[PDB]
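Chains as they are written, first to last, in the authors' numbering: chain F, 700 to 751; chain G, 816 to 1253. Following: one structure in structure tokens, then a few remarks.
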Ligand SMILES: *[C@@H]1O[C@H](CO)[C@@H](O[C@@H]2O[C@H](CO)[C@@H](O)[C@H](O)[C@H]2NC(C)=O)[C@H](O)[C@H]1NC(C)=O
Ligand SMILES: *[C@@H]1O[C@H](CO)[C@@H](O)[C@H](O)[C@H]1NC(C)=O
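As structure tokens, this is what we get:
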């Protein structure tokens, strides 16, 4: 029981950390385009990441 | 040639010892422990038995008075009573109606059975171990009696053996024990000269034949009833019978580690604890040179059936290619699986059958037929019987090999998660390097 609980917890924290850091990478790649007045994100980068 | 190894101190468990020196074929030793004894050194403190009270005939004096003097006897109690008028079957005993006196005395002495029924009080000290081990190799099969203390050195077919000392100093006996007939007890006892009436040790003697005695039984006299000749006395019953009634539970039915306790002398047998080290010095006549030993090449191993049970639930087959007929030595190099045979006959056909026992779901071990080695991996299913009458013939290991099914699944899951994490790390590092370049 203890081993299963520990393994599940470790898998969950690994998945969460990976997802959060990938989200951070997205948000840091697409952060300057929201600050530039006018202009627009390229369609390719706006497809490989969801760009509002 | 010197060698060293350790064995588990469990009775009946076969143990294979592998030796290997340059320029000779390997040799396999088998040593088994038949029985063990643990004996503590005892110093007697005192003994106890049922007591008896000696009441002599009272002294009655007509028309006079008597006084009585003390004597050096155990619990000597004497009193003089005045104004007594004894009666007998004929009539009165003395003329004087109220000028008489009576002297009554009594004391306590040990029973006439103390030589046959007594309980001893001891004090246990550091204990020694004796063993009876059987050795077997080549064409030698003998059993010897050895002292497991690192001092004894016995020779068996030209080979010196030195056993011990044991890895753990554990003794079931407490500091103070009491021995009676066939049982022993871990109970404290009152110190000599301070016994208490009605309990254990109310009558103490330094030894069986000693002439001194300590008795404290609360012997009180009483005045005789009028018109009668008798000595009355009230005395607390024997403490030895009281102890014999609800002494408690014996160590024989309480000793841990499955230890059989016998007396005369006080000793504990077949205690399963710790592991003994063995040092040996084998001569050059017991080996065989590499030239006159068969050469084995291309050795592979396979397992037919496997059921991890206390018996020898496993059959494995080795295939090989040899050059002459002869006999080799086999051995398993891991404690996961223990073989049954030590020497096997090889021939030109190239197939042998071996029996092994294990306690793991998926065992992995390396066997060795003469100078060649191979690896074995198997999958075993649990047995169905719940209770068995014989002891386990396998070392208790349950951790499966890293290539087993469960560890295989955990490896795949871990690999997938690690790949995802590594990809995320690489993506972040590339994006941040591009961002910093700006
Ligand atoms: C015989 O009996 C007489 C009493 O009948 C005893 O005399 C008594 O002696 C004691 C001891 O000196 C005195 O205290 C009493 O006063 C005596 N009694 C009387 C009535 O005088 C005598 O001692 C007895 N003799 C023998 C040999 O038994
Ligand atoms: C060794 O000797 C004992 C006593 O005769 C015997 O019981 C046992 O089977 C022998 N072992 C072998 C392998 O011959």
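We treat Cβ as the ideally placed atom computed from N, Cα and C, and that holds for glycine.
Original post:
Can a CB atom of chain G be found closer than 8 Å to the CB of residue 748 (chain F)?
Top reply: At a cut-off of 8 Å, the C-beta of residue 748 (chain F) has no neighbouring C-beta in chain G.
**OP:** Give every residue of the same chain whose Cβ lies closer than 7 Å to the Cβ of residue 969 (chain G), excluding the five residues on either side of it in the sequence, and list them in chain order.
**Re:** For residue 969 (chain G), same chain residues with a beta-carbon under 7 Å away, outside a window of 5 residues either side, are 959, 961, 976 in chain order.
**OP:** Tell me where the beta strand (DSSP E) around residue 1121 (chain G) begins and ends.
**Re:** Looking at the DSSP string, the run of the beta strand (DSSP E) that includes residue 1121 (chain G) is 1112 to 1121.
**OP:** Report yes if the C-beta distance between residue 1022 (chain G) and residue 862 (chain G) is below 8 Å; otherwise report no.
**Re:** Inclusion of residue 1022 (chain G) and residue 862 (chain G) in the CB contact set at 8 Å is warranted, their separation being smaller than that value.
**OP:** Classify residue 982 (chain G) as buried or exposed, calling it buried when 16 or more other Cβ atoms lie within 10 Å of its own Cβ.
**Re:** Label assigned to residue 982 (chain G): exposed.
**OP:** Under 8 Å by Cβ, that's how I've got residue 998 (chain G) and residue 1067 (chain G) pegged, so tell me the actual separation to the nearest angstrom.
**Re:** Indeed they touch by this definition, with Cβ atoms about 6 Å apart.
Original post:
Nearest to residue 1059 (chain G) by CA position, among G:1024, G:932, G:980, G:1112, is which residue?
Top reply: Looking only at G:1024, G:932, G:980, G:1112, the smallest Cα-Cα distance to residue 1059 (chain G) is reached by G:932.
**OP:** Using the Cα positions of residue 733 (chain F) and residue 717 (chain F), report the straight-line distance between them to the nearest angstrom.
**Re:** Counting only the Cα atoms, residue 717 (chain F) lies some 25 Å from residue 733 (chain F).
**OP:** Anything in chain F within Cβ reach of residue 1243 (chain G), meaning under 8 Å, just list it in chain order.
**Re:** In chain order: 720, 721, 723, 724.
Subject >> DSSP bridge partner residues for residue 1188 (chain G) (one or two, in chain order) >> reply: G:1183, per the DSSP bridge assignment.
Original post:
Which whole-angstrom value describes the C-beta separation of residue 938 (chain G) and residue 996 (chain G), a residue pair presumed to lie in contact below a C-beta threshold of 8 Å?
Top reply: Approximately 20 Å separates the beta-carbon atoms of residue 938 (chain G) and residue 996 (chain G); this is outside 8 Å, ruling out the contact.
Subject >> Residues passing the C-beta test against ligand 1 heavy atoms, cut-off 7 Å >> reply: Cβ atoms closer than 7 Å to ligand 1 belong to G:877, G:878, G:879, G:910, G:911, G:914.
Original post:
By DSSP, does residue 852 (chain G) sit in helix, in strand, or in coil?
Top reply: When DSSP states are grouped into helix, strand and coil, residue 852 (chain G) belongs to the strand group.
Original post:
Does any C-beta atom of chain F lie closer than 8 Å to the C-beta of residue 1235 (chain G)?
Top reply: Closer than 8 Å to some Cβ of chain F, the Cβ of residue 1235 (chain G) qualifies, so yes.
Original post:
Should residue 956 (chain G) be listed as close to ligand 2, given that the test is whether its C-beta is under 7 Å from any heavy atom?
Top reply: Yes, Cβ of residue 956 (chain G) sits closer than 7 Å to a heavy atom of ligand 2.
**OP:** Could you tell me which chain G residues have their CB closer than 7 Å to the CB of residue 713 (chain F), listed as they occur along the chain?
**Re:** Those within 7 Å of residue 713 (chain F) in chain G are 1232, 1236.
**OP:** Locate the alpha helix (DSSP H) running through residue 1153 (chain G), then write down its first and last residues.
**Re:** Judged by DSSP secondary structure, residue 1153 (chain G) falls outside any alpha helix (DSSP H) and instead within the beta strand (DSSP E) spanning 1152 to 1154.
Original post:
Which term fits residue 1169 (chain G), buried or exposed, when burial requires 16 or more other beta carbons within 10 angstroms of its beta carbon?
Top reply: The residue is buried, with at least 16 neighbouring Cβ atoms inside 10 Å.
**OP:** Examine ligand 2 and report whether any of its heavy atoms sits within less than 7 Å of the Cβ of residue 951 (chain G).
**Re:** If you check the C-beta of residue 951 (chain G) against ligand 2, you find a heavy atom less than 7 Å away.
Original post:
According to the neighbour-count rule (16 or more other Cβ atoms, all chains shown, within 10 Å of its Cβ), is residue 907 (chain G) buried or exposed?
Top reply: Looking at its Cβ environment, which holds fewer than 16 other Cβ atoms inside 10 Å, residue 907 (chain G) is exposed.
**OP:** Under 6 Å Cβ to Cβ from residue 847 (chain G), same chain only, skipping five residues before and after it: list those, please.
**Re:** Cβ neighbours of residue 847 (chain G) beyond the five flanking positions: 829, 949.
Original post:
Residues bridged to residue 1129 (chain G) by DSSP?
Top reply: Note: residue 1129 (chain G) sits in a beta bridge opposite G:1121.
Original post:
In this structure, does DSSP put residue 704 (chain F) in helix, strand or coil?
Top reply: In this structure, residue 704 (chain F) counts as helix in the three-state DSSP scheme.
Subject >> Contact set for residue 1152 (chain G): own chain, Cβ-Cβ below 6 Å, skip 5 residues either direction >> reply: So the qualifying residues of the chain are 1171, 1173, 1178, 1180.
Subject >> Buried versus exposed, by CB contacts within 10 Å (16 or more), residue 855 (chain G) >> reply: Within 10 angstroms of the beta-carbon of residue 855 (chain G) lie 16 or more other beta-carbons, which makes it buried.
Original post:
Looking at C-alpha atoms only, which residue of G:1119, G:1087, G:1154 is the closest neighbour of residue 944 (chain G)?
Top reply: When the alpha-carbon of residue 944 (chain G) is set against those of G:1119, G:1087, G:1154, the nearest one is in G:1087.
**OP:** Please go through the same chain and pick out, in chain order, the residues whose beta-carbon is closer than 7 Å to the beta-carbon of residue 1212 (chain G), but skip the five residues on each side of it.
**Re:** Closer than 7 Å at the Cβ level, and outside the excluded window around residue 1212 (chain G), lie 1150, 1151, 1174, 1175.
Original post:
Are the region 886 to 904 of chain G and the region 835 to 844 of chain G touching by the rule of at least three beta carbon pairs closer than 8 Å?
Top reply: Taking 8 Å as the limit for Cβ pairs, the verdict is that the region 835 to 844 of chain G does not touch the region 886 to 904 of chain G.
**OP:** For residue 969 (chain G), name the three-state secondary structure that DSSP assigns.
**Re:** Under the three-state reduction of DSSP, residue 969 (chain G) is assigned to strand.
**OP:** List the residues that DSSP assigns as beta-bridge partners of residue 976 (chain G).
**Re:** Assignment of beta-bridge partners to residue 976 (chain G) by DSSP yields G:969, G:1095.
Original post:
Within 8 Å (strictly less), CB to CB, does residue 701 (chain F) reach chain G?
Top reply: For residue 701 (chain F), the nearest beta carbon of chain G is not closer than 8 Å to its own beta carbon.
Original post:
Excluding the five sequence neighbours on either side, which residues of its own chain have a C-beta within less than 7 Å of the C-beta of residue 926 (chain G), listed in chain order?
Top reply: Apart from the 5 residues on each side of it in sequence, residue 926 (chain G) sits with its Cβ closer than 7 Å to the Cβ of 864, 865, 866, 867 in its chain, given in chain order.
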